[PDB]
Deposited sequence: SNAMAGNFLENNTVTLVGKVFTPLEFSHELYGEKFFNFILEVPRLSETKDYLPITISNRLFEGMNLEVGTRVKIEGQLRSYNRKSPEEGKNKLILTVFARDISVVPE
């Protein structure tokens, strides 16, 4: 794909409902992703509740995310629009 993002990090802020698409519910949250130096990046994620059926994404949950870096007019916002998410242990 021409636009792919892979992140491994921890849910830093809780899933917050943004809104719906023809009844599909979307949520935004921030992922904390550590650099080698241990400086952190705080990155915006958007996810459909179709994709995390089965899992809990409470604050502190560690995940691997694959998705698309999107701009959209909300003002213009950037987000990593998740295509795949997996909860992993520490």
In sequence order, the deposited-sequence ranges that have no modelled C-alpha atom: 1-9, 84-91
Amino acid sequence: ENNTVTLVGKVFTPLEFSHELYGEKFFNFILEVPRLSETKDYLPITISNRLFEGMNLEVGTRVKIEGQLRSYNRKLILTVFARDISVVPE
From here on, numbers count along this sequence of modelled residues.
On average, are the C-alpha B-factors higher in 31-39 or in 48-56? 48-56
Of 21-29 and 5-13, the stretch whose C-alpha atoms average the higher B-factor in the entry: 21-29
Quick tally, chain-level thirds of C-alpha B-factors: residue 79 sits in the lowest
